[PDB]
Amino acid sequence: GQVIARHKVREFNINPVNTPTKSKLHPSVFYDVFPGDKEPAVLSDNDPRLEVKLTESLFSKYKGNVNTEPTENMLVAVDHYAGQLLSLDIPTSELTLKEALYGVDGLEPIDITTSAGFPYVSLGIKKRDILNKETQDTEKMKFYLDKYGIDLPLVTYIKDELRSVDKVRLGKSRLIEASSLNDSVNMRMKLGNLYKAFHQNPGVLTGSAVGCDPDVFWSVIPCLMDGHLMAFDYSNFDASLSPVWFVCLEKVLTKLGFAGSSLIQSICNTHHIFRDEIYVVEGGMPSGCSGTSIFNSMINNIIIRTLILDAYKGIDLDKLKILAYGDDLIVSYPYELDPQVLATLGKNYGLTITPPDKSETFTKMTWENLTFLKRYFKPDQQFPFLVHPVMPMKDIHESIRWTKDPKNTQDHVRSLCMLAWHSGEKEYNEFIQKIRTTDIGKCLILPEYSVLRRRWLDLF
């Protein structure tokens, strides 16, 4: 994706947005007791630890844009991937303003904590005013739908979160390019069954993990990926998606039977409202559109299928098994294919594909080394057929040392226990013991290890 043009909001007569220009992240009491580097992201041009122009930094992610019509290999991959997806028998029927608004079984009511987006953000009017959860009202939406229409621009906040020392100074703090409520209900109303299917079918058929409890799903990935092993992750996946991949994503939904795949063009080329200065981009996935997670996965399934055909000759795609959660990949084939080969090959579609999280360089992948959703795979001692998701203790330490509002310093610490304990009894007791060094640490009521193991076992 490349930025084709920049204008001022004045030119379009649009009220600018005062982007939250201060981090709400402060150091928690566990800042001294645990180790970590990561500090909060840069949200302002002045921010003293910044060694670079922020304007340029925030948008450097848009490296360029490769222009082709879909390759022959590309085209095979969409017919094969779409093929698998037909077997699921996904309804092509569209959803209702009421369904799309407040969920069905499969979907979850649009979050009334996220931004409504343009133009609502600049009218002070937020999600609650339109959305009555108890009533399940459709008058306020239908009104503001008829009024402002669809295909509205995107409000581009800059995301407030922990970043590594490098991504702090180099101004890499990434963006959420948030969608208008109009647009998110619109295509949530006609690809609602596409999302429904992916949420109910996390696996090797959808090539998807989006919406899955790793607690249980971890202990089933190894049954599904029965073959050799590869894993990947990209740097700036979203921004790097040249339009071609979108023309494939559409082509897939078209074969699936969704009139509405036209929407996909509407996310490829988009307008973004950053501070005032409104950008317009060709390509790139909006990080925080409606089906971002799902569309990425689908495209990733298109991409590795393509790269592997590009790279190799005599290959049956039916035995190629894939599992993507956005940029995160796991893939398996009966024969040992070379990750490195693939990564290079994809670099001529504009992609920077890379070894999975916590991996220095492409070696043969093994269940001992693998990462997915930032977690290791550690099979249980007593019952080796059950598999633990092990979020590394560094990542958990790095999270506990900061806090937004130290009232929910419990809710946050408890949540970290549900992840920590998978590391094993020895480490979990060291963890809560160190937490309980601090004075507010001891007042927190924490689950004991045997409690957490039992809750986990009961899930089966």
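The first residue of the sequence shown is number 1, and the count goes up from there.
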(message) Comparing average C-alpha B factors as deposited, tell me which of 384 to 392 and 297 to 305 sits higher.
(response) 384 to 392
(message) If you average the CA temperature factors as listed in the entry, which stretch comes out higher, 78 to 86 or 358 to 366?
(response) 358 to 366
(request) Have a look at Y102, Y325, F246, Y333 and flag the one whose Cα has the highest B-factor in the entry. (result) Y102
(request) Among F232, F237, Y120, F198, single out the one with the highest C-alpha B factor in the record, please. (result) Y120
(request) Using the B-factors in the PDB entry, rank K407's C-alpha atom against the chain and give the third, lowest, middle or highest. (result) highest
(request) Would you please rank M418 by its C-alpha temperature factor against the other modelled residues of its chain and give the third it falls in: lowest, middle or highest? (result) lowest
(request) Divide the modelled residues of the chain into thirds by Cα B-factor and specify which third, lowest, middle or highest, holds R375. (result) lowest
(message) Can you tell me whether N269 has a C-alpha B-factor in the lowest, middle or highest third compared with the other modelled residues of the same chain?
(response) middle
(request) Could you say whether, by C-alpha temperature factor, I221 belongs to the lowest, middle or highest third of its chain? (result) lowest
